[PDB]
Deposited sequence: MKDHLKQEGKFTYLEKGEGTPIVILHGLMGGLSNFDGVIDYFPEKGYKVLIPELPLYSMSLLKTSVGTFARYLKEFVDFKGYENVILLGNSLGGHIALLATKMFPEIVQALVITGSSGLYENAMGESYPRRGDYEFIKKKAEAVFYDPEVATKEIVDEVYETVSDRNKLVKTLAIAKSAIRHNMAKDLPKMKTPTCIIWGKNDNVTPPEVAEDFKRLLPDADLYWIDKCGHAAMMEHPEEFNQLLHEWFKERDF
């Protein structure tokens, strides 16, 4: 597991087999996914965690659509014909939009505590006093909600795994079942006593749930 910087792309890379591209949210450090980074590369998977240009994208090309196209540019750069997308919070929304815009590049979609329907405190105050980053955060939120997925979901054919905390406060469990309803080919699994970051709160069960879903479908 080492950090790569090739061109404008900064990303973590570990593993060799089937590529899993991970999209974290705004809160996201990469410590969110240590569970995934330790488990799946030893199970024959390639884990890639690219750093999206959330707050760097010009004064104003900052939209969910831009991040999705950035993801596409990353996969194309890597030369993959298809990947597995794993997304959390805003990252899940980026992944969803990417699967909508470029379905032929996505083998499967894994979603957990995503939008589209402790000491982190010190990096949300960053948003409210950074001065020029608040606008970008506001730009993202405006772009995100304007870009609702509810209408696009009914036939995003790609196989989708939805893993959710049974007591999520940010994105309530109702949202998870909405995803299950609209998506034509999706499976829903819950994790009890778990909030918005199943990956981090329970990397144990998340890995096992996700791994078994992969086994059933050959992913």
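Going by the record, the unmodelled stretches of the deposited sequence, in order, are 1-2, 120-152.
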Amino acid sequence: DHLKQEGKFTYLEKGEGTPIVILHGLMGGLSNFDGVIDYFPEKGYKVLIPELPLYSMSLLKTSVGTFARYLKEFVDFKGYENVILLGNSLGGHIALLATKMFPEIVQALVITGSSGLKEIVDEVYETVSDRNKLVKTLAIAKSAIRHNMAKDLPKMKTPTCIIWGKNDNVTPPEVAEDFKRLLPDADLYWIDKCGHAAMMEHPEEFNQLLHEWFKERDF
From here on, numbers count along this sequence of modelled residues.
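Judged by mean Cα B factor in the deposited record, 133-141 ranks above the other of 133-141 and 76-84. Once the C-alpha B-factors are averaged per stretch, 150-158 and 34-42 rank with 150-158 first. In this entry, the residue among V110, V121, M101, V106 with the greatest C-alpha B factor is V121. In this entry, the residue among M57, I49, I163, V64 with the greatest C-alpha B factor is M57. For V175, the recorded CA temperature factor ranks within the middle third of the chain's modelled residues. For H24, the recorded CA temperature factor ranks within the middle third of the chain's modelled residues. Among all modelled residues in its chain, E13 ranks in the lowest third by Cα B-factor. Looking at the C-alpha B-factors along this chain, the one for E6 belongs to the lowest third. In the deposited entry, the Cα temperature factor of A68 places it in the lowest third of its chain's modelled residues.
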